[PDB]
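Read left to right, the first sequence gives residues 164 to 517, 525 to 561, 604 to 611 (full-length UniProt numbering). Every residue, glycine too, gets a C-beta built ideally from N, C-alpha and C.
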Amino acid sequence: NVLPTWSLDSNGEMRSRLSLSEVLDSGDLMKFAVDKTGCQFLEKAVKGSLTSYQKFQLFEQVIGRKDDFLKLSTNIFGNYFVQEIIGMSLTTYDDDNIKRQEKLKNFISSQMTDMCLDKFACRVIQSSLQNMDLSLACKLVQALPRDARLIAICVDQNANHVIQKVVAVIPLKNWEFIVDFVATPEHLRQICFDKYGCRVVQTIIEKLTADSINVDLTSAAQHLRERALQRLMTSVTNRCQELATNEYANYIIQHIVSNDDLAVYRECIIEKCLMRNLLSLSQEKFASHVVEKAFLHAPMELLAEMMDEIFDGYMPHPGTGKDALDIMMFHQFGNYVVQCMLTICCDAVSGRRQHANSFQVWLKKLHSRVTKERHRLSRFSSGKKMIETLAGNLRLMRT
RNA sequence: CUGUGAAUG
């Protein structure tokens, strides 16, 4: 352990009869907070009844000294106690509440970048952002780096939650530079192709979309949100080809297709990169889900083609005579697309979806195809799921 | 014959 000598028994361990006031008066609370046993003692002690003097001491010794606060926030054990004391200070409304919040804001702003990338200090940052004064939380947001480190924070396993929290609890006026920074084409690729940066971008997109819980307050707020949304959507749709096939970015595309409030952009995504490539994209591991979402959420006018491309939109193979449907139906990733196409037709002819005769024609074509090869499809689980619903890249030449 | 995305004691 790292406990001070005064608080140890003759075996070198922490004394059993120890009180919180002794630790506070000794001025060695720091050594206790970074220790595994001492921090547990402190968390036990502060959970009881505390006098105003003890609250004052805790505030000053935990969140009142910059170097001490930074050392505790970046500690594996100390960060929990720091969050506890932060919440306690915010919930204590005396003549020093705003002053303690000001000191907290300054302490965190002086090391923002390094604290976001810290596995323990980012917890402190998030815990402050959602409970501290909004006036000072917005000021905290402005300490975020603007150079390449902002990419790091976005792609960091821990620091991405900080950016998503900022997006969740801070008005867009204060983090619009983040939208503009992600919208950069050289940054959008790096951030979207990352495991956690993709979550960051999807969270930003979801916040900039007006819906039931995202209700605009003023005309200025609505205009700001919609202009930021348009700026980000142009960047996304200019390189939607490489995003829809990426192992992580594809989700983003799916979102823009699944969300009915992004209809416009959805349709653009279908016409710019999806169309004339339904086969090869249906044969992709990650883009096949994008094709499924497109089939599920395309307007009737675009769904009409999306069917006609797979039906009569590719030249059959001159060697085997297989068309698009035959190649996709036996494909490891395209059979899910075929099942989705079957499902939309089975749902429209029943009453789940509303040109009604075109669905009859499409379902009759697909039903013919499935009934024809009942053997091979019965050999697989995909065809097993097809028949119940009714009850390696191989491309082709465009027609 | 099934197919892909979040970090502390």
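Problem - Rounded straight-line distance, which links the Cα of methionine 275 to that of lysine 266 - result: 14 angstroms
Problem - 6 angstroms CB neighbourhood of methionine 251 in its chain, flanking five on each side removed - result: none
Practice task
Might you give, ordered along the chain, the residues of its own chain that have their beta carbon closer than 7 angstroms to the beta carbon of residue 522, omitting 5 neighbours on each side?
Solution key: Looking at the chain, the numbering goes 517 and then 525, which leaves residue 522 without any coordinates in this model.
Problem - Alpha-carbon spacing of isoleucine 226 relative to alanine 208, whole angstroms - result: 17 angstroms
Exercise for the section: Flag this pair as touching only if the segment 427 to 443 and the segment 394 to 402 have three or more C-beta atom pairs under 8 angstroms; answer yes or no. Expected result: yes
Exercise for the section: Kindly confirm or deny that the segment 343 to 358 and the segment 374 to 389 touch, where touching means at least three C-beta pairs closer than 8 angstroms. Expected result: no
Handout entry: Span of the alpha helix (DSSP H), counted from its first residue to its last, around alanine 311
Key = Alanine 311 -> no alpha helix (DSSP H), and no H or E assigned at all.
Practice task
Could you have a look at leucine 441 and say whether DSSP puts it in helix, strand or coil?
Solution key: Here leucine 441 carries a helix assignment [DSSP, helix/strand/coil].
Exercise for the section: Report all residues from its chain with a CB closer than 6 angstroms to the CB of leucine 183; omit the five preceding and five following residues, and keep chain order. Expected result: Contacts found: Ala208.
Handout entry: Per-residue DSSP class, three states only, for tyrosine 499
Key = helix
Practice task
Sort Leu313, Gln385 and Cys508 by Cα distance to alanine 561 and report the nearest one.
Solution key: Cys508
Practice task
Give the range of the alpha helix (DSSP H) segment to which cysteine 436 is assigned.
Solution key: Looking at the DSSP string, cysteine 436 is not in any alpha helix (DSSP H), and its letter there is neither H nor E.
Practice task
Find out if the Cβ-Cβ distance for the pair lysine 282, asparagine 321 is shorter than 8 angstroms.
Solution key: yes
Problem - Residues near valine 363 in its chain [Cβ-Cβ closer than 7 angstroms; skip 5 each side] - result: Excluding residues within five positions, the ones whose Cβ falls inside 7 angstroms are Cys317, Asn323, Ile326, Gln327 and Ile354.
Problem - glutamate 223 versus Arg178, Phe270, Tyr477 and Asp379, residue with shortest Cα-Cα distance - result: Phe270
Practice task
Return the CA-CA distance between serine 382 and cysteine 285, expressed in angstroms with no decimal places.
Solution key: Those two C-alpha atoms are separated by around 34 angstroms.
Exercise for the section: Identify whether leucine 371 lies in helix, strand or coil by the three-state DSSP scheme. Expected result: coil
Practice task
Spatial neighbours of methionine 609 within its chain, please: CB distance less than 6 angstroms, with the 5 preceding and 5 following residues excluded, ordered by chain position.
Solution key: Sequence-distant Cβ neighbours of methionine 609 in its own chain, meaning closer than 6 angstroms and more than five residues away, are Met478.
Handout entry: Cβ pair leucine 307, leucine 313 closer than 8 angstroms
Key = yes
Exercise for the section: State the Cα-Cα distance for the pair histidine 525 and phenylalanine 340, rounded to the nearest angstrom. Expected result: Rounded to the nearest whole angstrom, the CA to CA distance from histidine 525 to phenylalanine 340 is 45 angstroms.
Handout entry: With 16 other Cβ atoms within 10 Å as the buried cut-off, status of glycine 211
Key = exposed
Problem - Extent of the continuous alpha helix (DSSP H) run through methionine 251 - result: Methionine 251 -> alpha helix (DSSP H) spans 241 to 253.
Handout entry: Inter-stretch contact at 8 angstroms, needing at least 3 Cβ pairs: the segment 541 to 554 / the segment 456 to 466
Key = Contact fails: fewer than three Cβ-Cβ distances are below 8 angstroms.
Problem - Proximity below 8 angstroms, CB of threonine 214 to CB of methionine 177 - result: no
Problem - Alpha-carbon spacing of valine 186 relative to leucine 221, whole angstroms - result: Using only the alpha carbons, I get a separation of about 10 angstroms.
Problem - Beta carbon of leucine 442 nearer than 8 angstroms to that of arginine 539 - result: no
Handout entry: Reduced DSSP secondary structure (H/G/I, E/B, other) of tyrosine 256
Key = If DSSP states are grouped into helix, strand and coil, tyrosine 256 belongs with coil.
Practice task
Please classify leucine 166: does DSSP put it in a helix, a strand, or coil?
Solution key: coil
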